[PDB]
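**Q** sequence, then the experimental structure. Questions to follow.
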There are 8 protein chains.
Amino acid sequence: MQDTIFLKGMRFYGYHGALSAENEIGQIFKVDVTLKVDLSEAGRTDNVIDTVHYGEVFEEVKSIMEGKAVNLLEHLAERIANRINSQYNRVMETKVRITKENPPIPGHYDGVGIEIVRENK
Amino acid sequence: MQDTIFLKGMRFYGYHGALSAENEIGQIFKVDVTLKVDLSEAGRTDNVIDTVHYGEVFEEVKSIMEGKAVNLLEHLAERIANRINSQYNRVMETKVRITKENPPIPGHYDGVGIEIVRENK
Amino acid sequence: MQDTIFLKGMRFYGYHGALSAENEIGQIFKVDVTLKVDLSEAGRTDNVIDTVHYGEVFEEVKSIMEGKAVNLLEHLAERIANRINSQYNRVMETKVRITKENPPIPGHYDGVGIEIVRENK
Amino acid sequence: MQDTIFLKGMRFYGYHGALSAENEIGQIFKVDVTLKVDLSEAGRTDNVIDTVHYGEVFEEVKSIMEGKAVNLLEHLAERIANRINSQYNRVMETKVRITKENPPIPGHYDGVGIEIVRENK
Amino acid sequence: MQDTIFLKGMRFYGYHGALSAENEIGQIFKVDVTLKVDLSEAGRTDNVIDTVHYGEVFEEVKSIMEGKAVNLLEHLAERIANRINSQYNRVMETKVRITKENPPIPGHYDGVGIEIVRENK
Amino acid sequence: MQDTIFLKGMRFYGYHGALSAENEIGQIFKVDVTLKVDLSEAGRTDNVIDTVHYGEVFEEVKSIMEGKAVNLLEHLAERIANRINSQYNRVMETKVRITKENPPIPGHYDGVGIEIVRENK
Amino acid sequence: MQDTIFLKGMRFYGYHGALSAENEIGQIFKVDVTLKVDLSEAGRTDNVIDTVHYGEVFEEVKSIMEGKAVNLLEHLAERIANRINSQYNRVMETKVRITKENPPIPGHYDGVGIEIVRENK
Amino acid sequence: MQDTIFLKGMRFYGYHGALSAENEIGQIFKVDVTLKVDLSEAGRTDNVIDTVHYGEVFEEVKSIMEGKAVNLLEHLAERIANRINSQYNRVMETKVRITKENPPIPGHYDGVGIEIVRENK
Ligand SMILES: Nc1nc2ncc([C@H](O)[C@H](O)CO)nc2c(=O)[nH]1
Ligand SMILES: Nc1nc2ncc([C@H](O)[C@H](O)CO)nc2c(=O)[nH]1
Ligand SMILES: Nc1nc2ncc([C@H](O)[C@H](O)CO)nc2c(=O)[nH]1
Ligand SMILES: Nc1nc2ncc([C@H](O)[C@H](O)CO)nc2c(=O)[nH]1
Ligand SMILES: Nc1nc2ncc([C@H](O)[C@H](O)CO)nc2c(=O)[nH]1
Ligand SMILES: Nc1nc2ncc([C@H](O)[C@H](O)CO)nc2c(=O)[nH]1
Ligand SMILES: Nc1nc2ncc([C@H](O)[C@H](O)CO)nc2c(=O)[nH]1
Ligand SMILES: Nc1nc2ncc([C@H](O)[C@H](O)CO)nc2c(=O)[nH]1
């Protein structure tokens, strides 16, 4: 069982951050979300009723990302994860990756971030 | 058995999609096909009859994206997932992935779609 | 526990390397640090005291690449692997990766180095 | 146990291929090789005697790649895998990926190929 | 006077296009506008009033692309042009480049667009 | 009149080339295009009839590239340049470029290629 | 004399910007450089003393960018352009560009930035 | 006569450089040479003799870069220039661009190089 619905590279502009200036200025927020769903039925039938619309999942990711400001990425991801696993019983697991290639971190890197993995129960 | 034969970034211009305008104007679909098959024999000998003509697989995956339009991308994955599984029993596992960097969805993101993993029967 | 906190592409100009000319002219090292840590609490609350200041981690990984030169890249990984492991017990697993796209080696290739995975003790 | 020595993106010019014109014209051959080695000792000491020189591994990959022409990628990979696992008892597993983004395959794709995984016994 | 102020890579998702289908689906548009200004005083004095706030420049392009639906990229760039030309006595010329990466044309390409060069009177 | 209608990176899998082998293998041909079209009232009205529909231009470049094989890129660019020149009085000057990223050449490069610039007569 | 000594994409983590916040957060500043240097006998002899050592130029651009904060990019490009102009008679003309890929601007773009071109007097 | 024949992205690993250290380690060099030729007849006739074999052009650059050790990029480009200028009465100008992506300068940048433009007499 390893089928996966993916939303990779979703980049939004959020004012989240533990800093004060961040929650002022904001910055692009990269978010990758893969959902453990089985597309054997979806694949057999070819009907939505057999899977998760990646457009709806997009918007849910969207609601949380540009929603109120948070402090950590853990917040934003734990909120997407529970918005995804509590909206679709079709999604066994929902891992959320959020990168910030624009932090107030003096240096050169392709970005910092976190990446959670939540199943449903 | 952790071996694989892959084909990535296969770009096909299909008129698939749920909406009427999509199949009306069409767009690019980016297929990534990964087949899981023992390569020991093939590498030991060195004759395609021991492996799977990945060039063939293209035409097989390609006869599904330039083929008949449809709704769900999972379909397009299933159609390719099945066609490749069937015509080759040596293929233990089949990974068909299809991306749409350009679906009609207000927003910036690098691409979306679904991924499915199939085994041989 | 499949959660993580990452930092990728950290570029540091260190004079490390086995050869004498390397530490003589130096080159770019590309560190990718992935820490495995529960983010549920952090995301549940939303306060760094519940997670790991990844900005801190930079300065920690960075105090190893701009620090004292050495021979083996594995060293540089170990030094960072240890420093981060120690100063944070919340860090279950630590992944330090260091790439050298420019080592003195006749040939075309995009980059090389090693990767090591550490757990907390 | 998940430390890994990596050589990613090594691109060579080989005349390998099952075609006749290929074995005539040749084409760039991409090769990724990750070696299951434990860098805990290497990391603790900081001495070569504790790991595999990625330069030697490079050359071995190099010998096979520009060596005599072969037919499949299975050949080239199975030969690198057994050149790596029979030269270093320090390498538990050796997976070899070889991409050919230049095959005689009428279409658009980011390349075709295989990817083997061999342990040592 | 080769000094310039630019906004390369501006991406907006509009419903522009001479075909109703594209007027329904919409698509990511990409624009680059490079202003011909004299950054002499701004350079010594360091007073933004001695230059053109590009962020305010981004607005005038955002309002146009994020605005109503239109037919040609030419017009999209037409209002861009004067919109800035009329608002800032600071800029001598407005160079607008508009790209449609995924137009309603069947094929494989970078993108398609136009670039107009308008000064001030 | 610096204006233009550009069609970047059109990639066609052609069987052209000076090598009889190449014509059996095939390879992608990346084409750049830049027709100088006075887009004054094209933007004025917003009626494509007052300008060149690149799409048609694309399909015309396509008929060339997917046509039967020739040896030089120069003949290809010319059969293309000729096509446009003899279809759009709108086009003051045509500009074709046909890069070669996979020709039979033992070496490392991003490609080789010719570029021509023809006007109307 | 079209010659030049160019220094592309120099990235410095500066605390500059017109926003008091920015100066606390910090951000990368990407700098482009292109000094017009008559490299006639520079290539003739092969004595760098008969030309400009870009390295020095780099470290001189560095002293600027890693210096204390200012508000405009224009002052930065000027403190840089001034530096070169007043150090190398070799340089007939200087050319600075300081892109901004992470400024406080709710929008999607590859960056914004000014570019100046100064000569010697 | 804006027609051109080019070799953009030529990568060679030499031991060039004015510092003995770089003369010991070596480094990937990148060169682009765009020839000013008239592809008129080549275009209609399609006879390679009516043009300049770029593959033979790649040779003359390979021999120079893969050749002896030198001091300045200027010279590396100096022999490139005439080497082609003298060998082909077909080309009017040889435009050589040489880049050193990872020079012996401490910092973060794209690359450093020079570009000379020489015609024929
Ligand atoms: N998970 C998580 N960790 C963080 N650590 C530090 C900072 C600070 O704002 C700065 O980046 C450090 O300069 N923000 C975050 C954050 O949002 N999420
Ligand atoms: N899971 C899943 N969700 C989808 N959501 C929207 C669309 C639409 O056809 C377009 O991509 C966007 O308008 N296709 C799919 C799909 O195949 N699979
Ligand atoms: N495993 C391993 N192999 C290595 N081989 C060569 C070099 C050299 O310092 C240079 O990169 C190349 O000359 N460093 C290393 C290294 O750290 N780890
Ligand atoms: N594993 C493996 N499979 C292959 N399948 C087909 C071809 C043919 O030469 C062409 O690519 C098909 O056009 N070559 C190979 C190959 O070298 N390795
Ligand atoms: N030169 C030029 N050609 C064009 N072709 C088509 C369209 C349409 O709006 C849509 O892109 C596709 O029908 N706009 C233009 C245009 O503005 N300029
Ligand atoms: N200027 C120019 N030079 C060329 N040289 C070789 C080849 C052929 O594809 C093969 O490399 C040799 O058979 N084509 C061309 C070409 O179109 N233009
Ligand atoms: N031309 C030009 N415009 C600018 N606008 C805003 C800012 C500041 O960094 C912040 O965006 C606003 O505080 N800097 C500049 C600048 O250097 N140059
Ligand atoms: N303008 C110009 N500057 C240079 N600076 C340094 C070097 C040296 O060979 C090495 O790159 C570093 O010492 N070559 C050159 C050069 O040819 N041209």
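**A** Structure received. Numbering: from 1, shown residues only, chains lettered A, B, ... in the order given. Ligands and ions are numbered 1, 2, ... in the order given.
**Q** ok, now how distant is the residue of chain A at minimum distance from ligand 8 from residue E:35?
**A** The nearest approach of chain A to ligand 8 comes at residue A:108, 21.5 Å away (CB to the nearest ligand atom). Heads up, the C-betas are built off the backbone N, CA and C, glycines and all. Per CB to CB, to the nearest Å, residue A:108 is found 29 Å from residue E:35.
**Q** touching, residue A:63 and residue A:83? I think so.
**A** Yes - the pair residue A:63 and residue A:83 passes the contact test of CB atoms under 8 Å, sitting 7.2 Å apart.
**Q** who has more neighbours out of the two?
**A** Ranked by neighbour count (other CB atoms under 10 Å in any protein chain shown), residue A:63 and residue A:83 place residue A:83 first, with 17 against 12.
**Q** the more buried one should be in a strand, yeah?
**A** No - according to DSSP: H, G, I helix; E, B strand; the rest coil, residue A:83 belongs to no strand; its state is helix.
**Q** in space, what's closest to it - neighbours in sequence excluded?
**A** Closest residue to residue A:83 apart from its sequence neighbours, by CB to CB, 6 or more residues apart in numbering or on different chains: residue A:60 at 4.9 Å.
**Q** quick one: name the residues of chain A near chain G.
**A** A:11, A:13, A:19-22, A:24-28, A:102, A:104-108 (CB under 8 Å from any CB of the partner chain).
**Q** count of neighbours near residue A:117?
**A** By the criterion of other CB under 10 Å, residue A:117 has 18 neighbours.
**Q** for the residue in chain A that chain E sits nearest to, list each beta-bridge partner.
**A** Relative to chain E, the nearest point of chain A is residue A:11 (10.0 Å; CB to the nearest CB). Counting by DSSP bridges, residue A:11 is bridged to residue A:30.
**Q** contacting residues around it?
**A** Neighbouring residues of residue A:11 by CB atoms under 8 Å, 6 or more residues apart in numbering or on different chains: A:28, A:29, A:30, A:31, B:108, B:109, B:110, G:108.
**Q** now the buried members of those.
**A** A:28, A:29, A:30, A:31, B:108, B:109, G:108 (16 or more other CB atoms under 10 Å in any protein chain shown).
**Q** how about JSON lines for these, with distance to ligand 4 added?
**A** Listed next are the buried ones among the contacts of residue A:11 as JSON lines, based on distance: CB to the nearest ligand atom, whole Å:
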{"residue": "A:28", "distance to ligand 4": "40"}
{"residue": "A:29", "distance to ligand 4": "41"}
{"residue": "A:30", "distance to ligand 4": "35"}
{"residue": "A:31", "distance to ligand 4": "36"}
{"residue": "B:108", "distance to ligand 4": "36"}
{"residue": "B:109", "distance to ligand 4": "33"}
{"residue": "G:108", "distance to ligand 4": "39"}
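**Q** which among those residues gets closest to residue H:115?
**A** Comparing the buried ones among the contacts of residue A:11 against residue H:115 with CB to CB places residue G:108 closest, at 32.8 Å.
**Q** isn't that closest one up against residue E:29?
**A** No - judged on CB under 8 Å, residue G:108 makes no contact with residue E:29 at a distance of 10.7 Å.
**Q** which residues do the two both contact?
**A** By CB under 8 Å, 6+ apart, residue G:108 and residue E:29 have these common neighbours: E:11, E:12.
**Q** measure stretch A:95-115 end to end?
**A** Start-to-end span of stretch A:95-115 (CA to CA, to the nearest Å) is 7 Å.
**Q** ok, now stretch A:96-104?
**A** Stretch A:96-104 has an end-to-end distance of 22 Å (CA to CA).
**Q** buried set for it?
**A** Neighbour-count burial for stretch A:96-104 flags A:96, A:97, A:98, A:99, A:100, A:101, A:102, A:103, A:104 (criterion: 16+ other CB under 10 Å).
**Q** quick check: the residue nearest to residue A:83 vs chain C, distance?
**A** 16 Å (CB to the nearest CB, to the nearest Å).
**Q** for that residue, phi and psi?
**A** phi -60, psi -40 (degrees, to the nearest 10).
**Q** mind checking how far the spatially closest residue to the residue of chain A closest to ligand 8 that is not a sequence neighbour is from residue F:47?
**A** Closest residue to residue A:108 apart from its sequence neighbours, by CB to CB, 6+ apart: residue C:11 at 3.9 Å. From residue C:11 over to residue F:47 the distance is 51 Å, taken as CB to CB.
**Q** residue contacts, residue A:19?
**A** A:104, G:24, G:25 are the contacts of residue A:19 under CB under 8 Å, 6+ apart.
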